[PDB]
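Chains as they are written, first to last, in the deposited numbering: chain e, 2 to 104; chain a, 1 to 67; chain b, 6 to 84; chain Z, 49 to 144; chain K, 2 to 97; chain H, 1 to 64, 66 to 318; chain X, 4 to 115; chain A, 1 to 27, 49 to 112; chain N, 1 to 344; chain J, 1 to 78, 84 to 109, 121 to 171. Taking it in order: structure first as structure tokens, then the write-up.
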Amino acid sequence: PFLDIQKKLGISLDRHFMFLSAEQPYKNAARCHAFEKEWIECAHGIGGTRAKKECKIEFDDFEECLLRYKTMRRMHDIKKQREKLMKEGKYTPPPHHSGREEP
Amino acid sequence: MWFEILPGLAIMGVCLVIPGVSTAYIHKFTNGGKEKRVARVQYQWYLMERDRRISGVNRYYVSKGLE
Amino acid sequence: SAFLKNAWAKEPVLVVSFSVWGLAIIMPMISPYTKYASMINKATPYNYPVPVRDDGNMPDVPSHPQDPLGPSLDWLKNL
Amino acid sequence: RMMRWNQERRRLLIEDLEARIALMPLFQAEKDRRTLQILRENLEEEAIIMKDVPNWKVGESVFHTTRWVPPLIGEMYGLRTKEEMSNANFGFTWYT
Amino acid sequence: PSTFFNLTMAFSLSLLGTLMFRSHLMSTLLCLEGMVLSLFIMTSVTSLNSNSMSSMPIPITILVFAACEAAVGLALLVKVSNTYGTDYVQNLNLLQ
Amino acid sequence: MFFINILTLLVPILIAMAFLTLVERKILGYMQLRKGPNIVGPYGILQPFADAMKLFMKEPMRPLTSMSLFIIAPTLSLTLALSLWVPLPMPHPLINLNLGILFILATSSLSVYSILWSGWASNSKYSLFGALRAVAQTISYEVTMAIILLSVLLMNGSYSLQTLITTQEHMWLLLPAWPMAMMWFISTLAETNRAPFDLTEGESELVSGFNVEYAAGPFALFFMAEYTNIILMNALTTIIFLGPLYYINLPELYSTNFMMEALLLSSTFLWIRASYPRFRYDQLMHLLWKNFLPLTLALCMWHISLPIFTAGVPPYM
Amino acid sequence: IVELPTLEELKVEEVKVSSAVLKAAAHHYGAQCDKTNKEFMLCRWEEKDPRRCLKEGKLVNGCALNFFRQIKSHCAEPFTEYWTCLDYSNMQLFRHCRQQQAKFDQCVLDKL
Amino acid sequence: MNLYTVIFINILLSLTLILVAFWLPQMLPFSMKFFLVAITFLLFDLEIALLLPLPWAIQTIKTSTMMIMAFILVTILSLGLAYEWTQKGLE
Amino acid sequence: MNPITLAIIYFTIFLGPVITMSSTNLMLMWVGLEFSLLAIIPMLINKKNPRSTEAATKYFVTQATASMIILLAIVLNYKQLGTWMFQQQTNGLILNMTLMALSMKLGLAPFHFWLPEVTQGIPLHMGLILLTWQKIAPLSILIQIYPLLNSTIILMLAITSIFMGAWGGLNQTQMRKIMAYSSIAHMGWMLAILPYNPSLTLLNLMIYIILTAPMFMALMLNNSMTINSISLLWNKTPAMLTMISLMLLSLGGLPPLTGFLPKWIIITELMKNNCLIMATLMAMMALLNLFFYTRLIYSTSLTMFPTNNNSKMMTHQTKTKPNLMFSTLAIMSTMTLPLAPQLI
Amino acid sequence: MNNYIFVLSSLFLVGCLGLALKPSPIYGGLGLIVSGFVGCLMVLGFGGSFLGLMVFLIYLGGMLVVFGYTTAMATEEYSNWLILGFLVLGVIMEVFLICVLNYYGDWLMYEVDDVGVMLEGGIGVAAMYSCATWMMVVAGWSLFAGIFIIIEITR
Ligand SMILES: CCCCCCCCCCCCCCCCCC(=O)OC[C@H](COP(=O)(O)OCCN)OC(=O)CCCCCCCCCCCCCCCCC
């Protein structure tokens, strides 16, 4: 940062834990670990100005693993229209929604 | 003499054992004669739930090698 | 030393207090068992030991963990 | 005595942790098998819910990657019975 | 989700508070704390649903620093109602 | 069923709570060469029910006091006491709060609000002083009270009170950790405002600040609360430090043994009250920020090192 | 789309025995049947997707069922006694039942 | 839920009693010294909060570290307390 | 102060900015800011005069709410990116919060009300620390995040500060507050070039530190918090009259002295970036700052104000000397201009 | 009841609203206590236990306790009713805003490891002692200094 007394001294008191994909206790990976890696091994050697346009696929995805809003949206739509189909008595949960199953 | 403080205590004691015997038999009745499973960690809740699915709806019912 | 003595007899809590502070700061350093703590806790198998690809030149536990090769806790046993 | 008792207790703890270590493989399969079923079952209903909706890809990864992103709890039980969803969501915090 | 917008607005409602004194220093020092709770709750919430355990240290470091911060704040407050017999802010107008 | 298991675990305790006052007004009596209450009912058994009915019938005076807070404090008090009995680990505890001891610690702390608010609400000078004095002593005794438990837990492995039944299958935690038992017992005496430490309602020194204005039904509820606590804290001593015998086959033995030890340690604070004059306010706090807190801190270290250098780390189950 | 596998693709015989049953035989199952499981684990790890190891999972299950069929055929009674006592305990702790465990363990050593 | 059920019965039982009570019978300090103690409390409470995690830290593979870290925590705060005494702040 | 306490505090007031600068995990940057807040408050009330308690209670509330706002920005980022640190993607509002907050701790522009008042009630010494070793910390956080902050806001806070600082200073006669006002102004220039060339912010700061530190140790040599008080400098200690003259004109931008370089290169960098609107207005009111600087010049040097007989008594006694730092920081400041190319 | 979470958030917001209205310092402390309670509830709702407890034994504990103590000393003089009124005013406005989006508990516990054995709150914060060993050193220095800051500022 402003004064890199850490890299110089070789110590790493503040870097080991800045992102989700960093070592998790007892090797229990955190959520989204599938993308942040893909979005930071991409932006490594490429500065930000160019980590912001071409490495946009990996952030647009990582912006969706975490926020997980497009999913919310899709699902919400499915919910609303399903309400309308039920409204037209077209649809009602099958035993698929409610039934016995494998261990 | 001091013989008399005992009456009162008796009714305290009897009222402090009820709870411990009661809670520990309303558990072995509701859970089918088997101590209520203590699910401290998820694994245990999983195993417990798995049991539910395995038979009836209640986990206490326990299927065996003959299944 | 003399104060120590009276201290043992007057304000005899601090004396005991400090003494313990130290004895806890020493026993760990000298103990035929201190090492075990980091092992006994290390060993507890909380997480699943994912297998390894038997590519070749493997001195690791041979398949069935019942095979001789591999780490052992006989140290834990008969401890 | 405390030193010896906890050392024994530790031996028992390693024994049963290893017992699941052995049994989790059987469960892992079971979980995945069932998990997929829930996703697929939701697909069926999915292929029957928004059919009328125009411009409606039956389903599509909210993401672009084709990597297998595990199913959130909601996704698995969202369409399903409320209780089912609640159980999963508030079913541990609430003891047996 | 929305849960976060309530907490965030809680912090803004607490923001509007600290920035609009009402003649009671203590009350302010109490509003200020309302934020720290909202920040602590939000930090803990996201850390918990990101399963980011490496970060849980922070939710608490936030509280530990905030507690002392408040300790200093109250000692100033006690200092003021020792010099002016009240915590009322109007009194604090000598530096004009 | 679960409801029935709520009657049991409550009523039974309430009925026992009533019989403690009686066994207090007789054990203090015989110690002071007097029979105690035996004329109402047979051997005074109906005596606790009798004043309960008088107390509720007498007018609940509402001094000309913040009504809401004035009335809430009693409610909180009783609520907390009855609640703290929910997770106690008598065999098959009503509710296996995984972090039970923390829960106990938490609710125990909340009680302080009652006394504080009561004094503030009462609006009487005596009450105000009582609250101030009470809050200080209460919280302070909480600081050593909590550290003493943390030392225990680290030798138990978990916060769940149920684990100690498995920790104490060979020896009571008094043998080890006796130095803290004493310090848990004295702190249990402070937190229940019992005698050696009862400056909250000294009566002689200041006249019952906590309930100076409280009478009839409000008096009773705290009242009930204090005595239930008197038992609960003694019961926590009888699980954490004096571990009753336990057998999975026969779970009753534990309850029975739990009974005997709880009654004797409950008898002990009754015996302490008659036997000792009351500590001064300053003296009381000194003992804890000065006589004990340094003792409690140091042993904490010893109990941190003990497991490691003895490689006696406990299982986390 | 999502390429979620079909049900017929994921239908296979089920163990379905009370968790207690498993915990009692856990040790032996960890013994007689870890060949396939470890391999399945390898697949499920390196190949992140589950669809990429489904078939292996089927093999995983097949290995245990017979494990059980063997025990059912031989020393069933011992095992039955061991699990019933193990199940009664709330955390199904192994040490409460050691006498039943010994007879179950000795027999299958003797026969299986 | 099970806890919620118990607790609301607990409040209900109390609220019932207070009501019965009211409905049936129809027929400036200068605690400066204290202030200081109160602040120390706040501080010590916070330490305790940093000492609460030990029950799980005792399990850390890095046992030694945990020892050093923990020992420091208690020791440093102990020093703070002693200072109070040394400076005679509390007295 | 029990010398031990003095050490703990001073260490914290010094560990405070240093942790901020060294760390990258923003959180650790926040606590660096938090430690500075806690360490400075004890020193501020050292006299414990009624004015002082007012000073600290203001400084603390202003500092505390800003600290909480900075934390909120870090907490929000944590949700918009798992990282604990600002990135290209950061929501614009997230960064703007950090600008406002950090511009409150540094006291720039419309949040410039606390500084003049706390500079008035604290000693001259703690005045320096409150003005210059407490600006390093927040500025570090900004300089690190410069690529991402808004050019518009900074400029507005920059211009505002310049104006407020200048206008405020014209009326003030208390020295502590004249300096507080100057600092607001210089702080403004610094934040103007941050979005464009952070490296110049670090020059417009050092030079401000190398100018203000000698200026304050001058004000306290005779401990004069009044211009009338500094005006009798000619009797109390005549030599410092020469350099006090040049340092104050150096604080304003007049060309031969070192003080021109920061304004000159900031203007060169802004014109290179095309802000010839903004730069022009800033330079113009910058000229207002020199007017109040020269008005003080008049009273202290160019004209000799009447003094008191009791002053002859203070002359007799040997004057405790000014530390060496005064000289080394007076010359390196009044005249280094011939060496500008290397400085930048 | 999926709404459980939203309900809680609302309560929290309302409590902070009261604190915002700045009632008597004691009323403020009480309000915060309620909010802190709501807070631990929400955290626990997600699954974090140790975390929820902390706020309780720290805020619902002394954090407000000392405040309380404090107020007794510096707050003597008791429109709270009017404040209560504005509070209801805010409540409805708050509700109105949610009703705004009304015209226009689905996903919590977003992801979970059904089988897991060493995952639980506190474990992560337990790593203050290992692999995060700079948080707790700086916090300890914070407390050790704060002792000194308060003792002189009171002096
Ligand atoms: C080496 C490894 C680490 C272990 C090291 C162990 C070293 C040996 C143990 C040393 C400490 C043993 C005692 C611990 C508790 C006492 C702590 C103490 O110091 O007492 C404080 C206080 C007496 O202090 P005071 O007389 O005022 O003079 C102070 C002089 N500094 O005490 C009091 O005044 C108490 C007043 C009590 C009033 C009521 C008394 C009731 C008595 C009957 C009940 C006693 C407790 C019963 C407990 C039952 C089980 C829980």
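Even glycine gets a Cβ: it sits at the ideal position worked out from N, Cα and C.
The count of Cβ pairs closer than 8 angstroms, one atom from the segment 19 to 34 of chain H and one from the segment 255 to 274 of chain H, reaches three, so the stretches are in contact. Not a single C-beta of chain b is nearer than 8 angstroms to the C-beta of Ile11 of chain A. Not a single CB atom of chain A sits nearer than 8 angstroms to the CB of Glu99 of chain J. If you check the CB distance, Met285 of chain N and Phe163 of chain N come in under 8 angstroms. A distance below 8 angstroms separates the beta carbons of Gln25 of chain e and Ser55 of chain K. The beta carbon of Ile97 of chain A falls within 8 angstroms of a beta carbon belonging to chain J, placing the residue at that interface.
Taking C-beta separations shorter than 6 angstroms and ignoring five residues to either side along the sequence, the partners of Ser209 of chain H in its chain run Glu202, following chain order. Relative to ligand 1, even the nearest heavy atom lies 7 angstroms or more away from the CB of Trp26 of chain b. Residue state for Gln82 of chain e is assigned as helix, using DSSP reduced to three classes. Following the DSSP letters along the chain, one finds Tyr181 of chain N inside the alpha helix (DSSP H) bounded by residues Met175 to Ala192.
Pairing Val17 of chain a with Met51 of chain Z, the inter-Cα distance amounts to about 33 angstroms.
If you ignore the 5 residues before and after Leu64 of chain A, its C-beta comes within less than 7 angstroms of no other C-beta in its own chain. Nearest to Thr80 of chain H by C-alpha distance, out of H:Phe49, H:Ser67 and H:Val113, is H:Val113.
The closest heavy atom of ligand 1 lies less than 7 angstroms from the beta carbon of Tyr277 of chain H. With its beta carbon less than 8 angstroms from one in chain K, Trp123 of chain J belongs to the interface.
Beta-bridge analysis with DSSP links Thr226 of chain N to N:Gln174. Under a criterion of Cβ atoms nearer than 7 angstroms, no residue of chain J is adjacent to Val18 of chain N; the nearest Cβ is some 12 angstroms distant. By alpha-carbon distance to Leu86 of chain e, the top candidate from Z:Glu93, Z:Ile86, Z:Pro119 and Z:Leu74 is Z:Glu93.
Counting along the chain, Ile207 of chain N sits inside the alpha helix (DSSP H) bounded by residues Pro198 to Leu221. The shortest CA-to-CA distance from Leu75 of chain A to any of A:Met88, A:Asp66 and A:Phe51 is the one to A:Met88.
Scanning chain e for C-beta atoms nearer than 7 angstroms to the C-beta of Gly140 of chain J yields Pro26, reported in chain order.
Bounds of the alpha helix (DSSP H) holding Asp283 of chain H are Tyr282 to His287. At least one beta carbon of chain N lies nearer than 8 angstroms to the beta carbon of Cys33 of chain e. Against chain A, the beta carbon of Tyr143 of chain Z has neighbours under 7 angstroms at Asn2, listed in chain order. It is roughly 18 angstroms from the alpha-carbon of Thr113 of chain Z to the alpha-carbon of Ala52 of chain e. Chain J places a beta carbon closer than 8 angstroms to that of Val41 of chain a, counting this residue as a contact.
Contact of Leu28 of chain N with chain e by beta-carbon distance below 7 angstroms involves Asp15. Proximity of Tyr61 of chain a to chain J, defined by a Cβ-Cβ separation below 8 angstroms, is not satisfied. In the DSSP assignment, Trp53 of chain Z falls within the unbroken alpha helix (DSSP H) covering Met50 to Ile97.
Remark: the C-beta of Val95 of chain A is outside contact range of ligand 1, defined as less than 7 angstroms to any heavy atom. Nearest CB-CB separation between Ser68 of chain b and chain X: below the 8 angstroms threshold. Listed along chain b is no residue with a C-beta nearer than 8 angstroms to that of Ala79 of chain X; the closest approach is about 24 angstroms. Listed along chain e, the residues sitting closer than 9 angstroms to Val18 of chain X by beta-carbon distance are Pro104. The beta carbons of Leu65 of chain Z and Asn90 of chain Z sit about 34 angstroms from each other, so the pair does not count as a contact at 8 angstroms.
Within its own chain, the residues whose Cβ lies closer than 7 angstroms to the Cβ of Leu151 of chain H, once the five positions on either side in sequence are excluded, are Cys301, listed in chain order.
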